[PDB]
Amino acid sequence: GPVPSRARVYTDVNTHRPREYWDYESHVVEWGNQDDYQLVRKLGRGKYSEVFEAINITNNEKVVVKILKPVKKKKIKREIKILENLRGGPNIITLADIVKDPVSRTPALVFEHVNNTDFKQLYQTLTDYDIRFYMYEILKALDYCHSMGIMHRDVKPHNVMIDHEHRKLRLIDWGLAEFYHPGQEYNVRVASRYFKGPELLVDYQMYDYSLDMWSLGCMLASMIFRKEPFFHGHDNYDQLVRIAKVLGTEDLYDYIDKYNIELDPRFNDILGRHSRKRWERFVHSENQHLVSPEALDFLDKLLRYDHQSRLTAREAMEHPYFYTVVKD
Ligand SMILES: COc1cc(/C=C(\C#N)c2[nH]nc(N)c2C#N)ccc1O
């Protein structure tokens, strides 16, 4: 059978918390006044929610209203409990209220509004200094939620809201987030394809916070190399092949051998043999202003097959890549 794995940090945070903290199925939702919020414009629709810009008529302030699609009350209470546990943390989106929508007959989560810069304009215009700054702001949110016993499991550009005018960042959409419990096996059908960690792609279920650090590495690679997404697989199988053409197949075998994992035999015809590449190969005249030795070493230390070998969020904040970022 597979070899078990534990997070190397924050391993026991939920065991020493009171049970109420992580036993989300027992959570009693405190409902606000649904008439306090008037929907203004539809912002988006996802797999699990519709998102609206609204006005809170008790203060005439903008808010975001996320009307959940019908799913299991467990998944709904999970997201609510996580949002309440993390409220006030650095760069965590703030849950302001929870109301019962009378049309959907589901909960509507009400959040602080972030006046977000569209991700196209952001991606094409962020400078080297901007990228280090906002990576550090994401790391603050990830170290916070990890320190609080929670992994996000859906880190990707669309879930990082940036108000570039105020240099304000918020990590959003906690609907896939989970509590980390040592030894627990989790669903591997989390994250968007391009940001799925190797552990998910080889069906290793006993993963942890380090999954978020692979996703963060994928974002960093796309930003400094100006290729979005960086690992651009056609499906979940081709996704692992794309990764192995960069990190090499020998270290992939070392990884699955360490955890006594077996690859899906359908990889036999598609995986091939691939050397590990040096990150400099991805540097060219149109991205070199975004690349430094520090950037490449930091990236190299996030994108490891072995989830146990990646930088933790706190270790990442110690990296020389952030030495030039002004600290407050
Ligand atoms: C999809 O889950 C979430 C989404 C959001 C916010 C947005 C979306 N989608 C959004 N779109 N445009 C904006 N200015 C904002 C904000 N703030 C906040 C919390 C969530 O859990």
# chains A, B, ... in the order shown; residues from 1 in each chain; ligands from 1
>>> closest_atom_pairs(of="chain A", to="ligand 1", cutoff="9 Å", atoms="only C-alpha atoms and all ligand atoms", output="JSON lines")
{"residue": "A:43", "atom": "CA", "partner": "ligand 1", "partner_atom_place_in_ligand_line": "11 (N)", "distance": 5.7}
{"residue": "A:44", "atom": "CA", "partner": "ligand 1", "partner_atom_place_in_ligand_line": "9 (N)", "distance": 5.7}
{"residue": "A:45", "atom": "CA", "partner": "ligand 1", "partner_atom_place_in_ligand_line": "9 (N)", "distance": 7.6}
{"residue": "A:46", "atom": "CA", "partner": "ligand 1", "partner_atom_place_in_ligand_line": "1 (C)", "distance": 6.9}
{"residue": "A:48", "atom": "CA", "partner": "ligand 1", "partner_atom_place_in_ligand_line": "1 (C)", "distance": 8.2}
{"residue": "A:49", "atom": "CA", "partner": "ligand 1", "partner_atom_place_in_ligand_line": "1 (C)", "distance": 6.7}
{"residue": "A:50", "atom": "CA", "partner": "ligand 1", "partner_atom_place_in_ligand_line": "1 (C)", "distance": 7.6}
{"residue": "A:51", "atom": "CA", "partner": "ligand 1", "partner_atom_place_in_ligand_line": "9 (N)", "distance": 5.5}
{"residue": "A:52", "atom": "CA", "partner": "ligand 1", "partner_atom_place_in_ligand_line": "11 (N)", "distance": 7.7}
{"residue": "A:53", "atom": "CA", "partner": "ligand 1", "partner_atom_place_in_ligand_line": "13 (C)", "distance": 7.3}
{"residue": "A:63", "atom": "CA", "partner": "ligand 1", "partner_atom_place_in_ligand_line": "17 (N)", "distance": 7.3}
{"residue": "A:64", "atom": "CA", "partner": "ligand 1", "partner_atom_place_in_ligand_line": "17 (N)", "distance": 5.7}
{"residue": "A:65", "atom": "CA", "partner": "ligand 1", "partner_atom_place_in_ligand_line": "18 (C)", "distance": 7.8}
{"residue": "A:66", "atom": "CA", "partner": "ligand 1", "partner_atom_place_in_ligand_line": "3 (C)", "distance": 6.5}
{"residue": "A:79", "atom": "CA", "partner": "ligand 1", "partner_atom_place_in_ligand_line": "21 (O)", "distance": 8.5}
{"residue": "A:83", "atom": "CA", "partner": "ligand 1", "partner_atom_place_in_ligand_line": "21 (O)", "distance": 8.7}
{"residue": "A:93", "atom": "CA", "partner": "ligand 1", "partner_atom_place_in_ligand_line": "19 (C)", "distance": 6.3}
{"residue": "A:94", "atom": "CA", "partner": "ligand 1", "partner_atom_place_in_ligand_line": "19 (C)", "distance": 8.0}
{"residue": "A:95", "atom": "CA", "partner": "ligand 1", "partner_atom_place_in_ligand_line": "19 (C)", "distance": 8.0}
{"residue": "A:109", "atom": "CA", "partner": "ligand 1", "partner_atom_place_in_ligand_line": "21 (O)", "distance": 7.8}
{"residue": "A:110", "atom": "CA", "partner": "ligand 1", "partner_atom_place_in_ligand_line": "19 (C)", "distance": 8.1}
{"residue": "A:111", "atom": "CA", "partner": "ligand 1", "partner_atom_place_in_ligand_line": "18 (C)", "distance": 6.1}
{"residue": "A:112", "atom": "CA", "partner": "ligand 1", "partner_atom_place_in_ligand_line": "17 (N)", "distance": 6.2}
{"residue": "A:113", "atom": "CA", "partner": "ligand 1", "partner_atom_place_in_ligand_line": "17 (N)", "distance": 4.0}
{"residue": "A:114", "atom": "CA", "partner": "ligand 1", "partner_atom_place_in_ligand_line": "17 (N)", "distance": 3.8}
{"residue": "A:115", "atom": "CA", "partner": "ligand 1", "partner_atom_place_in_ligand_line": "14 (N)", "distance": 4.5}
{"residue": "A:116", "atom": "CA", "partner": "ligand 1", "partner_atom_place_in_ligand_line": "14 (N)", "distance": 4.5}
{"residue": "A:117", "atom": "CA", "partner": "ligand 1", "partner_atom_place_in_ligand_line": "14 (N)", "distance": 7.8}
{"residue": "A:118", "atom": "CA", "partner": "ligand 1", "partner_atom_place_in_ligand_line": "12 (N)", "distance": 8.5}
{"residue": "A:158", "atom": "CA", "partner": "ligand 1", "partner_atom_place_in_ligand_line": "9 (N)", "distance": 7.9}
{"residue": "A:159", "atom": "CA", "partner": "ligand 1", "partner_atom_place_in_ligand_line": "4 (C)", "distance": 7.3}
{"residue": "A:161", "atom": "CA", "partner": "ligand 1", "partner_atom_place_in_ligand_line": "16 (C)", "distance": 6.6}
{"residue": "A:162", "atom": "CA", "partner": "ligand 1", "partner_atom_place_in_ligand_line": "14 (N)", "distance": 8.7}
{"residue": "A:163", "atom": "CA", "partner": "ligand 1", "partner_atom_place_in_ligand_line": "14 (N)", "distance": 8.4}
{"residue": "A:170", "atom": "CA", "partner": "ligand 1", "partner_atom_place_in_ligand_line": "17 (N)", "distance": 8.0}
{"residue": "A:171", "atom": "CA", "partner": "ligand 1", "partner_atom_place_in_ligand_line": "19 (C)", "distance": 8.0}
{"residue": "A:172", "atom": "CA", "partner": "ligand 1", "partner_atom_place_in_ligand_line": "19 (C)", "distance": 4.5}
{"residue": "A:173", "atom": "CA", "partner": "ligand 1", "partner_atom_place_in_ligand_line": "21 (O)", "distance": 3.1}
{"residue": "A:174", "atom": "CA", "partner": "ligand 1", "partner_atom_place_in_ligand_line": "21 (O)", "distance": 5.5}
{"residue": "A:175", "atom": "CA", "partner": "ligand 1", "partner_atom_place_in_ligand_line": "21 (O)", "distance": 6.7}
>>> residues_around(residues="residue 141 of chain A", least_positions_apart="4", cutoff="10 Å", atoms="only C-alpha atoms", output="MDAnalysis selection string")
chainID A and resid 86 89:93 136:137 145:147 152 169:171 313
>>> write_last_selection(atoms="N, CA and C atoms", output="mmCIF file, in the first residue's frame")
data_model
loop_
_atom_site.group_PDB
_atom_site.id
_atom_site.type_symbol
_atom_site.label_atom_id
_atom_site.label_comp_id
_atom_site.auth_asym_id
_atom_site.auth_seq_id
_atom_site.Cartn_x
_atom_site.Cartn_y
_atom_site.Cartn_z
ATOM 1 N N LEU A 86 -10.915 32.153 9.555
ATOM 2 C CA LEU A 86 -9.820 32.930 8.981
ATOM 3 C C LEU A 86 -10.087 34.429 8.921
ATOM 4 N N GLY A 89 -7.549 37.643 9.043
ATOM 5 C CA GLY A 89 -6.189 37.246 8.726
ATOM 6 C C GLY A 89 -5.646 38.065 7.573
ATOM 7 N N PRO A 90 -4.321 38.161 7.468
ATOM 8 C CA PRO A 90 -3.705 38.952 6.387
ATOM 9 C C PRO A 90 -4.158 38.476 5.018
ATOM 10 N N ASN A 91 -4.741 39.396 4.247
ATOM 11 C CA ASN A 91 -5.039 39.193 2.830
ATOM 12 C C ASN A 91 -6.067 38.092 2.584
ATOM 13 N N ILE A 92 -6.828 37.729 3.616
ATOM 14 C CA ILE A 92 -7.947 36.800 3.500
ATOM 15 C C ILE A 92 -9.203 37.616 3.213
ATOM 16 N N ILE A 93 -9.975 37.219 2.200
ATOM 17 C CA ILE A 93 -11.223 37.923 1.918
ATOM 18 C C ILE A 93 -12.114 37.857 3.157
ATOM 19 N N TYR A 136 4.647 37.998 -2.179
ATOM 20 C CA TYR A 136 4.811 38.087 -0.736
ATOM 21 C C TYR A 136 3.464 38.272 -0.053
ATOM 22 N N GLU A 137 2.576 39.062 -0.659
ATOM 23 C CA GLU A 137 1.237 39.227 -0.093
ATOM 24 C C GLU A 137 0.442 37.923 -0.136
ATOM 25 N N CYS A 145 -3.484 30.868 6.630
ATOM 26 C CA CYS A 145 -4.456 29.779 6.628
ATOM 27 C C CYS A 145 -3.793 28.444 6.978
ATOM 28 N N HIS A 146 -2.563 28.202 6.500
ATOM 29 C CA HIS A 146 -1.875 26.977 6.896
ATOM 30 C C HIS A 146 -1.636 26.940 8.400
ATOM 31 N N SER A 147 -1.218 28.065 8.977
ATOM 32 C CA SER A 147 -0.999 28.115 10.419
ATOM 33 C C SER A 147 -2.292 27.900 11.187
ATOM 34 N N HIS A 152 -5.935 25.742 1.103
ATOM 35 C CA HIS A 152 -6.877 26.406 0.200
ATOM 36 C C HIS A 152 -7.335 25.461 -0.905
ATOM 37 N N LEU A 169 -4.376 43.035 -1.943
ATOM 38 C CA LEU A 169 -4.583 41.699 -2.480
ATOM 39 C C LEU A 169 -5.460 40.914 -1.521
ATOM 40 N N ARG A 170 -6.344 40.078 -2.073
ATOM 41 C CA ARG A 170 -7.186 39.202 -1.272
ATOM 42 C C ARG A 170 -7.284 37.828 -1.926
ATOM 43 N N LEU A 171 -7.061 36.785 -1.131
ATOM 44 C CA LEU A 171 -7.242 35.408 -1.576
ATOM 45 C C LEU A 171 -8.711 35.027 -1.389
ATOM 46 N N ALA A 313 5.229 27.984 3.325
ATOM 47 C CA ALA A 313 4.937 29.391 3.093
ATOM 48 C C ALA A 313 5.896 30.281 3.872
#
>>> closest_residue(among="A:236, A:124, A:60, A:205", to="residue 261 of chain A", atoms="only C-alpha atoms")
A:205
>>> residues_around(residues="residue 78 of chain A", least_positions_apart="4", cutoff="10 Å", atoms="only C-alpha atoms", output="list in words")
residues 22, 23, 24, 25, 26, 27, 72, 73, 74, 82, 83, 174, 175, 176, 177, 178 and 179 of chain A
>>> atom_distance(atom1="atom CA of residue 210 of chain A", atom2="atom CA of residue 308 of chain A")
7.1 Å
>>> select_by_dssp(residues="segment 3-96 of chain A", states="helix (DSSP H, G or I)", output="NGL selection string")
:A and (13-16 or 19-22 or 24-26 or 34-36 or 73-86)
>>> closest_residue(among="A:28, A:142, A:191, A:325", to="residue 218 of chain A", atoms="only C-alpha atoms")
A:191
>>> residues_around(residues="segment 3-20 of chain A", least_positions_apart="5", cutoff="12 Å", atoms="only C-alpha atoms", output="count of residues only")
52
>>> residues_around(residues="residue 248 of chain A", least_positions_apart="2", cutoff="7 Å", atoms="only C-alpha atoms", output="CSV table (one decimal) with C-alpha atoms, in the first residue's frame")
chain,number,residue,atom,x,y,z
A,244,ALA,CA,7.7,15.7,-16.5
A,245,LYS,CA,9.2,17.3,-19.6
A,246,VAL,CA,10.5,20.0,-17.3
A,250,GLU,CA,13.8,10.1,-13.2
A,251,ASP,CA,12.7,12.3,-10.3
A,252,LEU,CA,9.0,11.5,-11.0
A,274,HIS,CA,12.8,13.2,-20.1
A,275,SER,CA,15.8,14.9,-18.6
A,276,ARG,CA,15.4,17.5,-15.9
>>> atom_distance(atom1="atom CA of residue 57 of chain A", atom2="atom CA of residue 38 of chain A")
7.2 Å
>>> select_by_dssp(residues="segment 86-237 of chain A", states="strand (DSSP E)", output="ChimeraX atom specification")
/A:95-100,107-112,150-151,160-163,168-171,178-179
>>> closest_residue(among="A:129, A:119, A:267, A:230", to="residue 201 of chain A", atoms="only C-alpha atoms")
A:267
>>> residues_around(residues="residue 219 of chain A", least_positions_apart="2", cutoff="8 Å", atoms="only C-alpha atoms", output="PyMOL selection string")
chain A and resi 156-157+195+215-217+221-223+229-230
>>> write_last_selection(atoms="C-alpha atoms", output="compact mmCIF listing (two decimals), in the first residue's frame")
# COMPACT_ATOMS: atom_id res chain seq x y z
CA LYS A 156 -4.85 30.20 -9.17
CA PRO A 157 -4.82 33.71 -10.67
CA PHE A 195 -2.30 24.21 -11.00
CA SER A 215 0.00 25.91 -7.28
CA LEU A 216 1.80 29.07 -6.21
CA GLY A 217 4.88 27.92 -8.11
CA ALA A 221 6.38 30.47 -13.42
CA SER A 222 3.59 31.91 -15.58
CA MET A 223 4.34 35.45 -14.42
CA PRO A 229 -0.64 28.89 -17.90
CA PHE A 230 2.92 27.54 -17.61
